[PDB]
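Architecture at a glance
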Amino acid sequence: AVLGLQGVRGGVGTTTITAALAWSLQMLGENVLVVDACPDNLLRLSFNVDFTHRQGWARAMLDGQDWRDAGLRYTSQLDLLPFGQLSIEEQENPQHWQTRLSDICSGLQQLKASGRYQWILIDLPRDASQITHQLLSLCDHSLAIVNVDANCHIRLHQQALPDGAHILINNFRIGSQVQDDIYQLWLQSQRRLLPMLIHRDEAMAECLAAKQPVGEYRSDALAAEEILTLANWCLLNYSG
Amino acid sequence: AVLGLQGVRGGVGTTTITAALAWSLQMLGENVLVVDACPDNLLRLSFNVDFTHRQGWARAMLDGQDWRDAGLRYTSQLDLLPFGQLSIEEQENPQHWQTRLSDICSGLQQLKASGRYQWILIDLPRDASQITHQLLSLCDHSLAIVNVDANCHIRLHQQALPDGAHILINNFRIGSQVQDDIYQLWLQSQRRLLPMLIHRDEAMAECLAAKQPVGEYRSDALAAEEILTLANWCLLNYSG
Amino acid sequence: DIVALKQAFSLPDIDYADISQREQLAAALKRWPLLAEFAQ
Amino acid sequence: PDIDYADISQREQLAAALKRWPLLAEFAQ
Amino acid sequence: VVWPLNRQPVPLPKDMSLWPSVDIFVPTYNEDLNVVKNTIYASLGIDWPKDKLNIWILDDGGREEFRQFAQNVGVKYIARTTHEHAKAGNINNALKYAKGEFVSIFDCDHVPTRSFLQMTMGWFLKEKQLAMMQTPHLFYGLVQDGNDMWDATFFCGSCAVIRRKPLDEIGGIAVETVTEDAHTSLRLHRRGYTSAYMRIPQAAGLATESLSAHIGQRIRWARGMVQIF
Amino acid sequence: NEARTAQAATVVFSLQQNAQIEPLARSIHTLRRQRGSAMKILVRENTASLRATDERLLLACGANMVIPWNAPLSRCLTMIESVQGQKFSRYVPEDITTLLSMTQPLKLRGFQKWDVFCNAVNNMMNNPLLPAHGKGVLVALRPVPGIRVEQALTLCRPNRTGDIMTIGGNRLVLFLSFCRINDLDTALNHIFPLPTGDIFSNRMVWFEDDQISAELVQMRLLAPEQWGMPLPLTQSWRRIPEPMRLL
Amino acid sequence: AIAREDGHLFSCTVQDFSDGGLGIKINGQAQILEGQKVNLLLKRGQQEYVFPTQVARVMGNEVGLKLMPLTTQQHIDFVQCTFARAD
Ligand SMILES: Nc1nc2c(ncn2[C@@H]2O[C@@H]3COP(=O)(O)O[C@H]4[C@@H](O)[C@H](n5cnc6c(=O)[nH]c(N)nc65)O[C@@H]4COP(=O)(O)O[C@H]3[C@H]2O)c(=O)[nH]1
Ligand SMILES: Nc1nc2c(ncn2[C@@H]2O[C@@H]3COP(=O)(O)O[C@H]4[C@@H](O)[C@H](n5cnc6c(=O)[nH]c(N)nc65)O[C@@H]4COP(=O)(O)O[C@H]3[C@H]2O)c(=O)[nH]1
Ligand SMILES: Nc1ncnc2c1ncn2[C@@H]1O[C@H](COP(=O)(O)OP(=O)(O)OP(=O)(O)O)[C@@H](O)[C@H]1O
Ligand SMILES: Nc1ncnc2c1ncn2[C@@H]1O[C@H](COP(=O)(O)OP(=O)(O)OP(=O)(O)O)[C@@H](O)[C@H]1O
Ligand SMILES: [Mg+2]
Ligand SMILES: [Mg+2]
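Residues numbered from 1 in each chain as written, not as in the entry; some residues may be left out. Chains lettered and ligands numbered in written order. Part of a larger assembly, values for the part shown. Heavy atoms only, no water.

1. Describing the overall build of chain G
- Scanning chain G from N- to C-terminus turns up 1 helix and 7 strands.
- Overall, chain G shows an N-to-C arrangement of helices and strands of β-β-β-β-β-β-β-α.
- Judged by the C-alpha coordinates and their principal axes, chain G covers about 30 × 25 × 25 Å.
- Of all 87 residues assigned to chain G, the portion counted as buried reaches 48%.
- Accessible area for chain G stands at about 4400 Å²; split by element, carbon and sulfur atoms hold 50% of it.
- Positive and negative side-chain charges in chain G, numbering 8 and 9 respectively, have mean positions lying 1 Å apart. (Helix = DSSP H or I, 4+ residues; strand = E, 2+ residues; numbered from the N terminus. Buried < 20%, exposed > 50% of the residue type's maximum accessible area, 1.4 Å probe, protein only. Areas by Shrake-Rupley, 256 points an atom, 1.4 Å probe, with all protein chains shown as cover. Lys, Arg positive; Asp, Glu negative; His and termini not counted. Charge placed at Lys NZ, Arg CZ, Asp CG, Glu CD.)

2. Quick look at the overall build of chain C
- The helix and strand tally for chain C stands at 3 helices and 0 strands.
- Secondary structure elements of chain C occur, N-terminal to C-terminal, as α-α-α.
- Expressed as lengths along the three principal axes of its C-alpha atoms, the size of chain C is roughly 40 × 15 × 10 Å.
- Counting over 40 residues, chain C shows a buried share of 40%.
- Between the mean site of the 4 positive side-chain charges and the mean site of the 6 negative ones, chain C shows a separation of 6 Å.

3. Re the site of ligand 4
- Around ligand 4, a shell composed of 21 residues is seen, among which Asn151 of chain A together with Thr15, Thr16, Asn170 and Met204 of chain B lie nearest.
- Surrounding ligand 4 are residues belonging to chains A and B, so the site spans chains.
- A distance of 3.1 Å separates an oxygen atom of ligand 4 from a polar atom in the backbone of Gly13 of chain B.
- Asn171 of chain B places a polar side-chain atom, nitrogen or oxygen, 3.2 Å from a nitrogen atom of ligand 4.
- Coverage of ligand 4 by the protein chains reaches 93% of its 630 Å² of free accessible surface.
- Only α6 (150–155) of chain A together with α1 (14–26), β7 (166–172), β8 (193–199) and α9 (202–210) of chain B provide two or more residues apiece to the shell around ligand 4.
- The residue makeup of the shell around ligand 4, split by class, is 6 nonpolar, 9 polar and 6 charged. (Near = heavy atom within 4 Å. Polar contact = N/O pair within 3.5 Å; in protein donor to acceptor, adjacent residues only side chain to side chain. Nonpolar A, V, L, I, M, F, W, Y, C, P; charged D, E, K, R; others polar.)

4. Section: the pattern of salt bridges
All names here are of chain A.
- Counted under the stated rule, the structure contains 36 salt bridges over all chains.
- With a closest N to O distance of 2.7 Å, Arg9 and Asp149 form a salt bridge. You can see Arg9 sitting in the loop between β1 (2–7) and α1 (14–27) and its partner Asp149 sitting in the loop between β6 (141–147) and α6, a full 140 residues away along the chain.
- Note on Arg9: relative accessible area 11%, which makes it buried.
- The exposure class of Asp149 is partly exposed, given its relative accessible area of 23%. (Salt bridge = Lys/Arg side-chain N within 4 Å of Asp/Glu carboxyl O.)

5. Some remarks on the packing of helix α1 (residues 33–44) of chain E against helix α1 (residues 72–82) of chain G
- Close contact between α1 of chain E and α1 of chain G brings their axes to 9 Å; oriented N to C, the two are set at 95°. As the angle between them shows, α1 of chain E and α1 of chain G are arranged roughly perpendicular. Note on element contacts: α1 of chain G touches α1 of chain E through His75, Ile76 and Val79 of chain G, opposite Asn38, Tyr41, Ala42 and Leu44 of chain E.
- Classifying every residue of the contact of α1 of chain E with α1 of chain G by side-chain character gives 5 nonpolar, 2 polar and no charged. (Axes fitted to C-alpha atoms, helices over the stretch in contact; angles between N-to-C directions. Parallel < 35°, antiparallel > 145°, perpendicular 65-115°, else oblique. Contact = heavy atoms within 4.5 Å.)

6. Points about α1 of chain B
Residues and elements named next belong to chain B.
- For α1, which comprises 13 residues, the first-to-last C-alpha distance of 18 Å matches the rise-based estimate of 18 Å (1.5 Å per residue) to within 8%.
- With 11 of 13 residues buried, α1 lies mostly within the body of the structure.
- Along α1, the residues classified as buried are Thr14, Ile17, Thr18, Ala19, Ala20, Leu21, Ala22, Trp23, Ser24, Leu25 and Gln26. (Expected span 1.5 Å × (residues − 1).)

7. Some words on the interface of chain A and chain F
- Taken together, the contact pairs 34 residues of chain A with 25 residues of chain F.
- Carbon and sulfur atoms make up 54% of the area that chain A and chain F hide from each other, which totals about 2700 Å².
- Area buried by chain A at its contact with chain F is led by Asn48, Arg73 and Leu236 of chain A, which between them contribute 22% of it.
- At the boundary of chain A and chain F, one finds 4 salt bridges.
- The tally of links between chain A and chain F comes to 15 residue pairs in polar contact.
- Broken down by secondary-structure element, the contributors of at least two residues to the side of chain A that touches chain F are α1, β3 (72–75), β4 (78–81) and α10 (222–238) of chain A.
- Sorting elements by how many residues they give to the side of chain A that touches chain F places α10 of chain A first, with 8 residues.
- In terms of residue class, the side of chain A that touches chain F is made up of 15 nonpolar, 10 polar and 9 charged. (Buried area = accessible area lost by both parts, 1.4 Å probe.)

8. Considerations on the sheet that holds strand β4 (residues 102–105) of chain E
Residues and elements named next belong to chain E.
- Spatial ordering of the open sheet is given by β3-β2-β1-β4-β6-β5-β7, a layout of 7 strands whose pairing is mixed. With partners counted over all chains shown, the strands left at the sheet margins are β3 (76–77) and β7 (194–197), one partner each.
- Sheet topology note: the β4/strand β6 (residues 160–163) ladder contains 4 bridges and is antiparallel. Paired with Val103 across the strands is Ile162, a residue of β6. (Pairing = 2+ DSSP bridges.)

9. What about the nonpolar core?
- Core analysis: the biggest nonpolar cluster contains 88 residues, and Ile169 and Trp186 of chain A together with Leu21, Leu121, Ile169 and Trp186 of chain B have the highest contact counts within it.
- Setting aside anything within four residues of it in sequence, one finds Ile169 of chain B in contact with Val146, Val148, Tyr183, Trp186, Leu193, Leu197 and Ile198 of chain B.
- Judged by nonpolar contacts, the second largest core, of 74 residues, contains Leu45, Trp119, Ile145 and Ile227 of chain A. (Core = buried A, V, L, I, M, F, W, Y, C linked by side-chain atoms within 4.5 Å.)

10. Quick word on the site of ligand 2
All names here are of chain F.
- Taken together, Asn18, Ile21, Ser49, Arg51, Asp54, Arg109, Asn159, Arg160 and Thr161 form the complete shell of residues around ligand 2.
- Within the side chain of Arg51, one N or O atom sits 3.3 Å away from a nitrogen atom of ligand 2.
- At 2.3 Å from a nitrogen atom of ligand 2 is found a side-chain nitrogen or oxygen belonging to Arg160.
- Burial of ligand 2 by the protein chains amounts to 46% of its free accessible area of 790 Å².
- Class assignment for the residues of the shell around ligand 2 results in 1 nonpolar, 4 polar and 4 charged.

11. Some words on a nonpolar patch on the surface
- Residues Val2, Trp3, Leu5, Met149 and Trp150 of chain E make up a contiguous nonpolar surface patch of roughly 570 Å² in combined accessible area.
- Considering the arrangement of structural elements, one finds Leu5 of chain E in the segment before β1 (22–28). (Patch = residues over 30% accessible without salt bridge, like charges linked within 9 Å, V, L, I, M, F, W, Y side chains within 5 Å.)

12. Topic: the arrangement of the chains
- The protein chains that touch form 12 pairs of chains, and the pair with the most contacts between them is chains A and F.
- In this view chain E stays clear of chain F, with the nearest C-alpha atoms of the two still 30 Å from each other.

13. Observations concerning the packing of aromatic side chains
- A full pass over the atoms with the stated rule returns 24 aromatic pairs over all chains.
- Seen in terms of ring centroids, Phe172 of chain B and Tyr183 of chain B are 5.3 Å apart; in terms of plane orientation they differ by 55°. Their pairing is tilted. One end of the pair, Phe172 of chain B, is in strand β7; the other, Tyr183 of chain B, is in helix α8 (residues 177–189), with 11 residues separating them in the sequence.
- Chaining the aromatic ring pairs together yields one cluster made of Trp23, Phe47 and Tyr74 of chain A.
- The ring of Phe88 of chain F carries the charged tip of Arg32 of chain F above its face, separated from the ring centre by 4.5 Å. (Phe/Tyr/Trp six-rings, centres within 6.5 Å; stacked < 30°, edge-to-face > 60°. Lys NZ or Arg CZ within 6 Å of the ring centre and 35° of its normal.)

14. Looking at the pairing of strand β2 (residues 32–36) of chain B
Residue and element names in this part refer to chain B.
- Among the 5 residues of β2, 5 are classified as buried, and the element is accordingly described as predominantly covered.
- Neither face of β2 is left uncovered, since the one carrying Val32, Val34 and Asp36 and the one carrying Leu33 and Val35 both have all their residues buried.
- As defined by bridge partners, β2 adjoins strand β4 (residues 78–81) across 4 bridges and the pair is classed as parallel. Looking at β4, one finds that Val35 is bridged to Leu81.
- For β2 and strand β5 (residues 119–124), the ladder comprises 5 bridges, and the chain directions are parallel. Each bridged residue has a counterpart across the sheet, and for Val34 the counterpart in β5 is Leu121.

15. Describing the environment of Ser158 of chain E
Residue and element names in this part refer to chain E.
- Checked against the element boundaries, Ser158 lands in the loop between α5 (139–149) and β6.
- You can call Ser158 buried: its relative accessible area is 0%.
- For the pair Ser158 and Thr208, spaced 50 residues apart in sequence, the C-alpha to C-alpha distance is 17 Å.
- Beyond its immediate stretch of four places on either side in the chain, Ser158 contacts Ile105, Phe106, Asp107, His110, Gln134 and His137.

16. So, the sheet that holds strand β2 (residues 9–10) of chain G
Residues and elements named next belong to chain G.
- Strands sit in the order β2-β1-β5-β6-β7-β4-β3 across an open sheet of 7 strands; the sheet is antiparallel. Each end of this open sheet is capped by a strand with a single partner; those strands are β2 and β3 (12–18).
- Sheet contacts for α1: β3, β4 (21–26), β5 (37–44), β6 (47–59) and β7 (62–67); angle to β6, the most-contacted strand, approximately 80°.

17. Thoughts on the packing of α1 of chain A against α10 of chain A
Residue and element names in this part refer to chain A.
- Where α1 contacts α10, the two axes come as close as 9 Å, and the packing angle between them is 70°. Overall, the two elements α1 and α10 adopt an arrangement that is roughly perpendicular. Regarding α1 and α10, the two cross each other, and that crossing is right-handed. Two secondary-structure elements touch here, α1 through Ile17, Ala20, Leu21, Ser24 and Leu25 and α10 through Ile227, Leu228, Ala231 and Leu235.
- Considering only residue class, the contact of α1 with α10 consists of 8 nonpolar, 1 polar and no charged. (Left-handed = near helix turned anticlockwise from the far one by under 90°.)

Right, here's the structure in full:
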């Protein structure tokens, strides 16, 4: 029901993958709600939301308003809840507001218990914040995003993933000896690595510039097919 | 002088760029001391530091030991100050220790007054922490590492760069249309962009596997030459 | 290239107006909505 | 994490991969 | 050459809508497609508004490969029915179909740099009476800079810009001498029009030329000067 | 050209590209229709140039024996001298058009309606000029309760024209033309994500003409209301988010 | 710059050029094999343009490359980066 996608490393493509996965789920007839937990709030821009749209659940909670009115509907089977723009002073001092977003966990629990949303994707950052840990606790399933390179290989042996987190590969190049070696090592060593990997496709680099998910921006791209396969796998496995 | 390298986004290539820059500066006859401040602590491995080597300034101060004892002699003109490994509980609870690492700042000022090292490179993370802000203030010059993609272009117009920081482009790919468009836009929308670019070289991907700087790994690669050009520009401009 | 030509002579006040660069930039802003939104 | 490094050196391609890159060999031990 | 003028380019107005229209002519008779392709590619790369620049290929051989290239890259292409008066007659015939305010002529071997019209057209927009501007294709370079002091810089047959209305008023390029360029410059000077010279390299393409070319030019020039006199 | 003058000389053909299948087949037909049965026509694959249906077409065209690329040169020559002393005793029709038509009798790719699917499969199975029990395989897949059947349909991306798919009765029905039972898993992996069996609970497979016909007859007795349509087509410019309250 | 399929990038200096291709001198040691499709990166002002080439002749450190069938815009970029220079 709850599928939280978190990046082992920054820049692996957590937000674009989350948008593509949400679009693929909504293309299969499932009700989808996307929640951007990233403080930078870059997920809204992938759904044709104006950059000046300051609304967001976190912004409403900090301002004392009701976050439920901050929801944005993309399509009948896809709803969006952007984080909300934060002022420079707030970004410089995250500790002054990190503990003020407690009620969002209760709201997400109520949304899950409602049944109107069959899938509630959460775009999580990597900052070890208390709200992030609470969201991980309320997440039924997790997907840790890694890339086939030395940095992610190093990370996978010292930092602890949340329990139950499958490993997903993104930005997989073609014709790199070190990358092939690391991929084979992960195939024969990493039990939680998913069977699906997403090759480097310029469609993923152009989806954010086009302010659309890669599924809607270009369905015929290889990235779209891989994301749809990942969505079907998630439906099969994470449903219960 | 004191130069601090920080990335506007995770995984842009800040650590590898810092290590290559330190090697390029030391191979030109300048004494360079490089300090690892990111909690991930991945700067050591580029200098043939064993993974089991848990000695680091952060851990040294957390155990009541002397942080100066955690230094390593790599070459006669490069010394390293490893951050040190953190336990899983420490990683998941940064607040319990992130305010106890301030002692390194005044010690770094003392080191700046020592004069032994002509360059003090710092691996500045982007955790928006008090220590990060203090170290950034202590840095005489700041270099912001960005990539030519949608995410970095979005971030540059909604996040604040360090005062006087200059922008360096890493992971400049080949045959990408959106990359060319964004670079042409930045050629006039930004005035802080350096005239040198770092390409997507396999040597930079393999350097971390070989536990060597890219120049030390292979000095004939174009990325190493670009790092050397960056070092020359820093010498000509960031001298004072 | 242009800088080299301007260094080989004085050419102090001839501001170069690259038609190709301006046209490519205009096409890029027309094609990518995010760039158009942020530029103006 | 779930790491099973046992019985890895039994493959020629994996052995070559570990030999070529010291980082992989250091981690796999 | 007592006092070389050392003329420098006048900046164009910052309003790109006030710039004039230029028609580039590349006349060829027997040159292979390999030579003319480079010149046409460079011409399309000239930094100038696209709606204010039209490129024309004038092939006297009626070669179909040139027509295919012109259709592919979009540049215009005109071949004459007859072949009288050689290059001068070819350009005169092509002038009946062009509609630009200025006519630029480039040889097949010459490669026009993208900063050609930007550095050239400023004087035409500034000084109204200026009807011709010449760019270098050493001794010749300084005789042409010294001549510009006295307004005696003459057309050298290539890499020049000519104002359209004065050119059509004098009856087009002269065809009575082997050196049509010098006679055209003389006719322009006779009616009170002025000529200029800018000593900024284009791309110079051909290297050395050897004495084989040196003698071609040396002779065709002496005969033309004698005929003009 | 030299073969049209020879009467019984062995003719060994080496094939390297798939485009040269039909003209070479035509030429083999010509040789079998001009030089009698005493001639020995052989086909030697080099890297990868033939399929089972194309191999059968070459055999029917007059080839004495096809040598696959897997066999090395020595075994190739061994078989070439093995065929010594034999005459072509099979019948080759005058018209090459029918033989070419047997190579592809469906010529329609993509999702099809249930009636259209049944009609096409039955028409292919009713063609006398096709091998018996080798025309293809019909497989019915039962989805895991995790997903519905339309999503399973959207999962598959078959690549050959002879593959047809449809949805009916909570089952995915697939007809693969000219596919053997042994290499069914290879076909499924080619037309699905690799972990088949993690995407369906169970399967039913038919590769015999009578079994396929009986399955078609059984399938024709189903309610039209359970027949599905592609999800992207039914579901399907910039979409502006409309603000609303989450309740 | 010359980019291999392996991702290795090598700085080079162009010796001679023509419509058939370019002959360059490669700094350092590089085991570039003939018949290998490589990418040539040329610098135009502050921009980089990538041209796909195939190596047709290697003479020690001197390497000759030939252009695959080019497009119109690629041709214009090539002529701007090769002939219409600041010389
Ligand atoms: N109907 C059907 N069957 C499929 C499909 N994919 C695989 N097969 C089956 O798999 C057998 C072995 O294919 P392979 O191992 O790739 O080895 C193949 C392959 O290397 C080559 N080949 C044949 N057709 C093609 C083609 O269209 N493209 C490519 N790239 N190779 C082909 O010929 C070999 C033998 O092919 P076959 O004798 O036909 O035998 C084929 C065929 O019966 C498919 O999409 N549809
Ligand atoms: N490895 C493998 N891949 C398979 C097999 N069957 C199909 N494919 C894949 O399916 C693609 C589409 O083939 P098609 O629709 O039959 O359309 C095919 C077919 O009409 C024709 N073709 C290619 N090889 C042969 C051949 O040996 N015999 C015949 N009769 N046609 C062929 O060329 C078209 C293009 O095929 P491709 O570009 O190669 O691309 C092929 C190939 O990637 C198979 O057995 N093995
Ligand atoms: N498979 C891919 N191929 C090409 N580009 C990709 C791919 N995946 C992601 N990208 C690009 O990488 C950049 C980073 O992706 P994304 O915007 O999701 O960042 P992120 O991982 O959420 O990072 P952060 O949390 O720091 O913002 C984007 O410009 C995106 O288009
Ligand atoms: N120019 C480059 N070309 C190719 N790969 C590069 C380049 N720069 C860095 N990399 C690779 O990118 C990966 C991440 O780079 P690096 O760790 O330096 O970035 P970072 O911003 O410090 O990331 P983080 O701190 O989030 O781990 C490494 O595997 C590194 O080798
Ligand atoms: Mg993100
Ligand atoms: Mg770092």
